[PDB]
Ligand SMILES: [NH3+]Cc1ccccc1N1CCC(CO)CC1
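As a starting point, one isolated chain is supplied in C-alpha cells, in the form solved without this ligand.
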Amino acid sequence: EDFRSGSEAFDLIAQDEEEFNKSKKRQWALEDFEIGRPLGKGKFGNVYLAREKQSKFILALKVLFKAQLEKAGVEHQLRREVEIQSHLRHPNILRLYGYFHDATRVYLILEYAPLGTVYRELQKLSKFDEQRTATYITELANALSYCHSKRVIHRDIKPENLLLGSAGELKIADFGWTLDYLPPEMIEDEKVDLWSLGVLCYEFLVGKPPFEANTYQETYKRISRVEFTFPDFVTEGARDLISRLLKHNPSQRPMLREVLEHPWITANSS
C-alpha cells in the first residue's frame, strides 16, 4: 500500500473538500430582480411582488431576516421546508422556483398567486357554494396525494396557507409540515390530512370551522368529542363526506382516493 506524506497529502483532502461540489442549483442574487409593492408582511420578513429583470417573469420574493431566524432557531427547519418545496412540481402546490442568500437575508423565489388566499376569499364571500367547495376539495386532494406520494406530509392545511392562481385554482403554500429492521414498538398519520380536509370542507360550506369557540379550551373539548352540528343548507353528500372525514379514529377516515371518488365531489367539481 502506498501513502502520501505531508503536502502531497494535505492537498488530497483540500482537493476533495472542493470536489465536494454541491453547487448544482441555479445561482441567484438580488440584482436579478425588480422589486414591486409588498404582497405581505410576516414573522421573519416580507414578501414583495417582483420581476426577473431579464425575462420580465412576474413572481413573489420572500425576504427572511437571518437575525430573527437565529432567535427562534428555525434555520434547519427552514432548510427542510426549502429542500422539500424545491423538489415539488404540481399545479395545486405553489412553486418554489429557487432560493439564495446574503448575510442577514435569505430570499425565496416563489410563484406569484394573484387572487390571494382562500381565507380572504372566505372573508369576502362569507360562504362558498357546493361547486366552488368541491372543486377546492378536489384540487386539495390532488395536491395531497401528490405530497403523500413524495413521502411528505403537510399537516398545517388551512385557508391562510391556500393561495389562488390566475384561474382561481387553489395552491398549497406553507410546508412547515432503518424501516425494514425497525421493531413494532418504534413504528406506531397521513389520515390527519383527511381530518383537516373534512374541517376545510365544512368551513367552506358553512363559513366557520365546525369546532370554533371563543376559548381555545372549549375547542379542545369539541374536537375531542367530535361535537358539531350541520346547518340546514348543508346537503346530504356534503354531510356524508364531512362526517366520514371527521371520524375520531384515524383509521376509519377514508382514503384521499375515496374522497376523489365520492359522488358529491364528482357531481359538483368543476
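Note that residue numbering follows the sequence shown and begins at 1. Residues that one form lacks are left out of the comparison. We call the rigid core the largest set of C-alpha positions that still match within 1.5 Å between the two forms.
Only in words, not in the display: the form solved in complex with this ligand, which the text now covers.
- Checking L200, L194, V106, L140 for any heavy atom within 4.5 Å of this ligand in the deposited bound form turns up a single hit: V106.
- Candidate site formed by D240, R257 and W264: none of these residues places a non-hydrogen atom within 4.5 angstroms of this ligand in the deposited bound form.
- Among heavy atoms of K127, none comes within 4.5 Å of this ligand in the deposited bound form.
- At a distance threshold of 4.5 angstroms between non-hydrogen atoms, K66 is in contact with this ligand in the deposited bound form.
- In the deposited bound form, this ligand lies within 4.5 angstroms of at least one heavy atom of each of the following residues of 76-99: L78, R79, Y99, in sequence order.
- Relative to the superposed core, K43 undergoes a C-alpha shift of no less than 2 Å between this form and the one not shown.
- By the rule of 2 Å per CA over three or more consecutive residues, the rigid core superposition between this form and the one not shown yields shifted runs at 27-38, 40-48, 50-58, 61-77, 97-109, 178-188.
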